[PDB]
Structure formats: C-alpha cells, structure tokens
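For the sequence shown, PDB author numbering gives the first residue as 7, with consecutive numbering after it. Even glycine gets a Cβ: it sits at the ideal position worked out from N, Cα and C. Below: one structure, written as structure tokens.
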Amino acid sequence: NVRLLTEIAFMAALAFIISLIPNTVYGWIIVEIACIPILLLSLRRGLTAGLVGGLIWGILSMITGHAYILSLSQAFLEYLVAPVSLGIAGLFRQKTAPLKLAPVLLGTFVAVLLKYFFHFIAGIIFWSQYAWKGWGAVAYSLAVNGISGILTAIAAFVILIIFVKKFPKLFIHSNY
Ligand SMILES: CCCCCCCCCO[C@@H]1O[C@H](CO)[C@@H](O)[C@H](O)[C@H]1O
Ligand SMILES: CCCCCCCCCO[C@@H]1O[C@H](CO)[C@@H](O)[C@H](O)[C@H]1O
Ligand SMILES: CCCCCCCCCO[C@@H]1O[C@H](CO)[C@@H](O)[C@H](O)[C@H]1O
Ligand SMILES: Cc1ncc(Cc2cccc(CO)c2)c(N)n1
C-alpha cells in the first residue's frame with residue numbers, strides 16, 4: 007500500500023528533522039522529542055510500520071553524520087536496534103473509535119523504556135570513559151539514560167496527550 011509507505015517515510019523524515027533541534031539538558035542528558043513521530047506512526051499503523059520507521063530514522067541519523075558513532079556494534083545497537091524498538095508501541099494500536107488515552111500512554115511508556123534500555127546497555131559498554139568522577143559505569147549509564155528516558159517520556163506524554171484530545175483520529179487508521 008502506497009499511503010502506508012509514504013506515512014512511514016514521512017514520519018521517519020520528520021523524526022530526523024526533529025532530531026536536528028538542540029535537546030541537551032546537560033552533558034549527555036537529553037529530551038528526545040524526535041521519538042514522537044515514530045511512536046505516533048507505531049500507534050496508528052502497528053508494529054511493523056513502526057519498526058520500519060524506526061529503522062529508517064536510524065539510518066538517516068547515520069548517513070548524515072548526526073549519529074554519535076564509536077563503532078560498528080555500538081552504532082548498530084544505538085542507531086538501528088534502539089530506534090527500531092520504538093515500534094513496540096505498535097502492539098498498543100487501537101483500530102476502533104473512540105480512542106482511549108490509556109493504551110497511548112502505556113505503549114509510549116514501554117517503547118521509550120525499551121529504547122532507553124538499549125542506550126543504558128550501550129552506556130555501560132561503550133561510554134564509561136565519560137563517567138563523572140566517583141561513578142562506576144553502571145551508575146553513570148543509569149543516571150544519563152534513566153534521566154533522559156524519563157524526560158523523553160515526559161515530553162512524549164505532554165505532546166501525545168494534546169494530540170489525543172485535539173486530533174484523536176491521528177491514532178486510528180481508516181480507509182476513505
Ligand atoms: C535507500 C536506502 C537508504 C536511503 C533511503 C531513502 C532516502 C529517502 C527516504 O525514502 C523516501 O523518502 C522520500 C521523501 O520523503 C520519498 O520520496 C519516498 O516516498 C521515500 O521512499
Ligand atoms: C529539570 C531540567 C532543568 C535542568 C537545567 C540545568 C542545566 C545544568 C544543571 O544546572 C545546575 O543546577 C545546579 C543545581 O540546581 C545549579 O546549582 C547550577 O548553577 C546549575 O548550573
Ligand atoms: C518490553 C516489551 C513490552 C512488550 C509488551 C506488549 C504487549 C501489550 C499488548 O496488549 C495490548 O494491550 C493494548 C492496550 O493495553 C491493546 O490496545 C492491544 O489490543 C493489546 O494487544
Ligand atoms: C552514558 C551514555 N552516554 C552516551 C550515550 C549515547 C546515546 C545515544 C542516543 C541516545 C542516548 C540517550 O541518553 C545516548 C549512551 N548510550 N550512554
């Protein structure tokens with residue numbers, strides 16, 4: 007389907023275009039608002055669409071050199087697997103009105119948690135040389151990635167709650 011392919015490409019391109027915005031709170035702590043179009047894609051079109059949009063967004067980050075890349079496996083883990091994992095929100099898609107808020111927040115929560123889980127593992131393995139003085143690798147990664155995860159969920163929550171209320175039909179795909 008052609009409408010699908012193009013929804014996917016548009017939301018992935020929109021994620022990258024959003025990932026161009028300064029979002030650093032402090033050091034490597036970030037508010038990852040660029041996740042939002044992918045989560046929106048996932049919730050509206052289901053898992054597969056989401057994984058694919060996540061995959062596309064990730065490649066875009068890399069090929070334009072906006073990804074932080076220390077190595078093949080690290081970039082694999084953080085710019086393929088991690089953005090793809092947002093598609094997990096697709097398991098929470100609603101196909102029939104009226105749209106409930108609960109599966110939107112439950113899906114959003116779980117998908118960001120999953121992405122940041124992958125960043126947390128990456129922090130431990132590839133990013134510890136950056137840990138603040140006195141901090142082991144695990145504590146530092148939980149701090150950076152736990153906090154960033156939460157702020158991201160928070161922003162994702164604010165924006166999708168607004169969307170649920172003002173434009174609920176964004177989340178329900180129908181023909182016609
Ligand atoms: C090809 C392997 C890596 C490159 C990926 C393609 C880069 C362009 C993103 O995809 C394309 O986006 C265009 C703009 O939105 C659309 O014209 C088209 O519908 C869509 O398919
Ligand atoms: C919840 C998101 C808001 C975070 C914005 C903070 C940016 C970096 C941390 O700031 C610091 O905070 C310290 C403790 O308050 C101050 O003593 C210090 O002067 C200030 O540099
Ligand atoms: C860390 C990986 C997490 C994977 C867990 C995902 C399983 C949840 C799927 O259940 C779903 O509940 C939704 C609302 O609760 C409904 O919209 C949907 O129809 C139903 O299928
Ligand atoms: C400790 C630590 N520092 C930096 C990174 C790279 C990275 C890339 C994308 C998103 C995030 C979210 O914090 C982080 C990491 N995974 N762990």
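Nearest candidate by alpha-carbon position, reference residue i, set the options
i       : options                            : result
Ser-79  : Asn-151, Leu-111, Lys-106, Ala-128 : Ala-128
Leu-76  : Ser-134, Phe-22, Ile-94, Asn-29    : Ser-134
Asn-151 : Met-17, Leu-26, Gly-33, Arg-9      : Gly-33
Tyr-146 : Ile-62, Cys-41, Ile-27, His-125    : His-125
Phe-169 : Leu-45, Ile-14, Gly-56             : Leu-45
Cα-Cα separation between residue i and residue j, rounded to whole angstroms
i       : j       : result
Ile-69  : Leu-11  : 20 Å
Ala-143 : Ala-137 : 6 Å
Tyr-85  : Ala-73  : 7 Å
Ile-130 : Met-17  : 30 Å
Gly-56  : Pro-174 : 18 Å
For residue i: DSSP bridge partner residues
i      : result
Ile-35 : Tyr-32
As assigned by DSSP and simplified to three states, the class of residue i
i       : result
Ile-75  : coil
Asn-151 : helix
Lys-139 : coil
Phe-173 : coil
Could you say if the stretch 173-182 and the stretch 97-105 meet the contact criterion of at least three C-beta pairs nearer than 8 Å?
yes
Would you be able to state if there are at least three C-beta pairs under 8 Å between the stretch 57-69 and the stretch 19-35?
A contact exists between the stretch 19-35 and the stretch 57-69.
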